[PDB]
Amino acid sequence: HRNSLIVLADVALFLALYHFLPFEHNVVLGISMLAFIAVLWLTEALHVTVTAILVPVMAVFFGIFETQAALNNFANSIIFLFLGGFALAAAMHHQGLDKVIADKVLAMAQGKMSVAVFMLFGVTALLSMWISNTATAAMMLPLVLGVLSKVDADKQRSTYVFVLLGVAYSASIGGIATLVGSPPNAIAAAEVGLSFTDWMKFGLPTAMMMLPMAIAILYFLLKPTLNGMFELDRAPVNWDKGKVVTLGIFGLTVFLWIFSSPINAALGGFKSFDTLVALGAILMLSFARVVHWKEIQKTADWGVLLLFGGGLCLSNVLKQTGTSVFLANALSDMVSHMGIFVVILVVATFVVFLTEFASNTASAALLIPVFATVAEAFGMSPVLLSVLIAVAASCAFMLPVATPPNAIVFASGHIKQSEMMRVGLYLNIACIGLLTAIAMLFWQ
Amino acid sequence: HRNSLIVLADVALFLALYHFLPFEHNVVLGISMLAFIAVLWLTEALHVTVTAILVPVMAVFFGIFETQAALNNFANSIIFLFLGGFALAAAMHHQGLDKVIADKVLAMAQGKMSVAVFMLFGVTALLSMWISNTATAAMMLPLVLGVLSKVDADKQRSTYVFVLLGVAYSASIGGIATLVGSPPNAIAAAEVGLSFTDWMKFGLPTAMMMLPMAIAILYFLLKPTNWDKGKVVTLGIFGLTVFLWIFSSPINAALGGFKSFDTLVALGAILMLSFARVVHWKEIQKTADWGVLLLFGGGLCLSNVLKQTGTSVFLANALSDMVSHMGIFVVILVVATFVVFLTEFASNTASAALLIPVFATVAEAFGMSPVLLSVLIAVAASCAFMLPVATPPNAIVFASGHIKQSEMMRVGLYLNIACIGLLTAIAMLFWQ
Ligand SMILES: O=C(O)/C=C/C(=O)O
Ligand code: NA
Ligand code: NA
Ligand code: NA
Ligand code: NA
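In order, the protein sequences belong to chains D and C. Going from the first sequence to the entry's author numbering is simple: count from 1 and add 18. Going by the entry's author numbering, the letters in the second sequence line up with residues 19 to 243, 256 to 462, in that order.
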């Protein structure tokens, strides 16, 4: 098979780099490993999580760490803060609080495709802030195909592709608003030690800008939906048992997540307060009987939770072997010749296009450690590159295979490959600007 | 709701013990917490895992530990050693290697009900060694009901309940052979730091003995009776994993002495199984019981809450005279007896999650090897044989809408007493 070969080709690459690199053994090991993992995660010949589990089992056998010390990465507070976000999402889906949020808002538009689709995007993004990205897409597709049936003429495609590609992007832009939403955010927060409200100060404003900037680009390429009528055909929804409760807990949780800084300070200064709140939410939702555990076990992506640990293990493997400082020495002249504009532009550009070929999180899982630790060897705060890398990681807008949401609206069997491949090629450039713009603004 | 009250009553209980107990404040906290958690886990007002997650958020807020230090319990090497067993199960089930293991064995009996039912038990136990207990029962139930169709006499119950209660017990007794099999076993290994081959030297002989003793009691009551793509690979990988797990002691030592070698072997299996393409991760993620994996961490955090607060030494001091008045026989007989019946009323693992920390840490304050009480407790925890709701395998063969509550309650009442003897018997021999 292909992937069995990519692994074999990668295994050879490691053995080659291992015996032939002419540096201090620690650097040779860290270099060989970083290459090995980079392939397995970008090619994905092996499952992201399988590669994640491979990270510790390597460091342990090659004397970098001891077994228990390596595994301890998989229990970082962010993992549980993310697992708390999973149970918080699983709750309002099994409860239907996502459905009622779509109807009550989508019915606010009386019957206009103009104010409908503009409401479909705002809801898809708002829902990605807390639930997910791949999950929010599948939940929206039937609601879009339902609306896009009055103008059911396929020969009227562009009226019916603008709404499909629009939500698939709003789900990705929504995941850039909060620490929960896309693993990349958690990978950055866990790498540089970000709080929920810390990452929101970065991503949310960026998403505020990217959503209009993204619709404008979608609008002014082939919008033909001004006229149209609504066919809300199905049983309406209605606030049932504790859908207000889930909203209350949710709102309460997000209130503590936002006001965690003063709440925690005016409480004794606990360590991972946001992680506790995420764990506290898991409790309230269970005491309030609103969600069973079987639900969370399905919704939770334990592979990403395992990936989180694998990514932190890598970050620590780069340091212990000095590969973080060795690469900073290697880039000394190169990076001194470059400006930080070129850097954040090269990085942003590199990822915003790199994420088109590989998984969103699999890209951050590899670059967030390298750039953060190398930025550290340079004595630079790994926050900027990490948040930057983590944000541009969720900027997959060209071909599918970049993000599941892309392949979700593509399986609708209507939007042409070429159609998507070129809207993202424009949006990618748009973000490289906005990001480098915002990345420059978020400086002083 | 019923359970919603237990929680409220338990919060009050904590406030009461907290405000009214007159001991060093730490003992009040550790005692209050131990009671709080003890209720939540035996009553199950909250899901086992919800209570487990409640442990760290408690210790963290009540200054016992720091958030990250508390959470670090959920990454113990035993947890990952068990996750390897899950991928090892998901592999050979998604491969179908468990069914073919039942067919190849079940057809070896030419056409005899006498040798038929006796073969259904041996496979349920063999499959519980590696797969699970609730899963081994549900996986066996269709295969068990299938045999009981030639002689389908309805009011021929005892001919048709001995085979149902036999597997429901063989699934629970089978899980006492290896560190993978039943969560209680893993809880002991994580508490006292046992290796895979260490726990097998203890449990496997006991499982060798308990299975016949269990069928004999059922017998002598009213008994009137293609190897495809890489199924050899799954079998190969599996065998390789178990070979390293057994010979891990010399293999690891003759390699540089890695720390949690069994955990490495367990994680290596997850890798071999994935490189060999024989099982996808979505399979491993489904078969894996992440709730139990989270529970493992919660139980270790409690154990550390008992020590950090001194409740282990306070209870060791409180039980000082009582245990000195008792022989070690009297102690392990009270203990063994205490659980073998407690496991009838509460979950198998929920019993070990609470008793293994308390007894192990107190036994340690006595300067005693906490292995015996811990391994003992973990074994007697899987001795639920009376009423249903003791173990899913019990409630699995019970949902057949045929086996009477009283019928099971008195065959198990015989097995329970039978086990209290066997356990205390072996527990006494395993001393010097
Ligand atoms: O291992 C199981 O399936 C169940 C264990 C228990 O409930 O004790
Ligand atoms: Na999201
Ligand atoms: Na991607
Ligand atoms: Na088992
Ligand atoms: Na039980």
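Ideal placement from N, C-alpha and C gives every residue a C-beta, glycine not left out.
Residue i versus residue j: straight-line alpha-carbon distance, rounded
| i | j | result |
| --- | --- | --- |
| D/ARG175 | D/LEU101 | 40 Å |
| D/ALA108 | C/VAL73 | 22 Å |
| D/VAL75 | D/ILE55 | 12 Å |
| D/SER399 | D/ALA393 | 7 Å |
| D/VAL441 | D/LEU239 | 8 Å |
| C/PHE428 | C/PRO418 | 7 Å |
| residue 464 of chain C | C/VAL401 | Any property of residue 464 of chain C remains undetermined from this structure, which presents chain C solely from 19 to 462. |
| C/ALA34 | C/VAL45 | 14 Å |
| D/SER304 | D/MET247 | 42 Å |
| D/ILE447 | D/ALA380 | 22 Å |
| D/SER350 | D/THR367 | 21 Å |
| C/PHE288 | D/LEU197 | 37 Å |
| D/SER279 | D/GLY193 | 22 Å |
| C/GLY451 | C/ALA346 | 26 Å |
| D/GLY397 | D/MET147 | 33 Å |
| residue 250 of chain C | C/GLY321 | In the model shown, chain C runs from 243 to 256 with nothing in between, leaving residue 250 of chain C without coordinates. |
| C/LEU406 | C/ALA30 | 33 Å |
| C/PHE80 | C/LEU385 | 22 Å |
| D/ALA63 | D/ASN21 | 4 Å |
Member of the options whose CA lies at the smallest distance from the CA of residue i
| i | options | result |
| --- | --- | --- |
| D/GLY327 | D/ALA425, D/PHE389 and D/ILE97 | D/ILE97 |
| C/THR67 | C/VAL169, C/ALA383 and C/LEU402 | C/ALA383 |
| D/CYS331 | C/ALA429, C/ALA93, C/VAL29 and C/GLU84 | C/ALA93 |
| residue 493 of chain D | D/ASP170, D/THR152 and D/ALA120 | Nothing can be reported for residue 493 of chain D: it is not among the residues displayed for chain D, which extend from 19 to 462. |
| D/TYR178 | D/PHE359, D/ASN245 and D/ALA348 | D/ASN245 |
| C/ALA455 | C/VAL295, C/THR224 and C/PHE288 | C/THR224 |
| D/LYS261 | D/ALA420, D/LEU452, D/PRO423 and D/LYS117 | D/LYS117 |
| D/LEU23 | C/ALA306, C/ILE191, C/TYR36 and C/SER290 | C/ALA306 |
| D/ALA134 | D/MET302, D/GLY221 and D/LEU182 | D/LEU182 |
| D/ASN90 | D/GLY193, D/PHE368 and D/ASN334 | D/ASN334 |
| D/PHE180 | D/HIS432, D/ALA299 and D/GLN338 | D/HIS432 |
| C/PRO423 | C/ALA189, C/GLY286, C/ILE314 and C/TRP148 | C/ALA189 |
| C/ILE276 | C/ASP319, C/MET218, C/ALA232 and C/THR293 | C/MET218 |
| C/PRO201 | C/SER377, C/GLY48 and C/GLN315 | C/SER377 |
| D/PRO254 | D/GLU437, D/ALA195 and D/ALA125 | D/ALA125 |
| C/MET110 | C/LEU445, C/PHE371, C/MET356 and C/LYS259 | C/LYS259 |
| C/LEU270 | C/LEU445, C/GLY184, C/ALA283 and C/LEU301 | C/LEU301 |
Residue i burial status per 10 Å Cβ neighbour count (16 or more: buried)
| i | result |
| --- | --- |
| D/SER213 | buried |
| D/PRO40 | exposed |
| D/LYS312 | exposed |
| D/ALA234 | exposed |
| D/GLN113 | buried |
| D/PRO160 | exposed |
| C/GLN128 | exposed |
| D/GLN462 | exposed |
| D/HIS19 | exposed |
| C/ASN151 | buried |
| C/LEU285 | exposed |
| C/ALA171 | exposed |
| C/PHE273 | exposed |
| D/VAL360 | exposed |
| C/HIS355 | exposed |
Helix, strand or coil at residue i according to DSSP, with G and I counted as helix
| i | result |
| --- | --- |
| C/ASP172 | coil |
| C/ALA455 | helix |
| D/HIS19 | coil |
| C/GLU62 | coil |
| D/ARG440 | helix |
| C/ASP216 | helix |
| D/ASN44 | helix |
| C/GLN128 | coil |
| C/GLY327 | helix |
| D/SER167 | coil |
| C/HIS310 | coil |
| D/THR69 | helix |
| D/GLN338 | helix |
*Just jot down, in chain order, the residues whose CB lies closer than 6 Å to any heavy atom of ligand 2.*
Here the residues come out as D/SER146, D/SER150, D/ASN151, D/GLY192, D/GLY193, D/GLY199 and D/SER200.
*ligand 3: which residues have Cβ under 6 Å from any of its heavy atoms, chain order?*
Taking each Cβ in turn, the ones that pass are D/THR373, D/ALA376, D/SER377, D/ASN378, D/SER381, D/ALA414, D/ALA420 and D/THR421.
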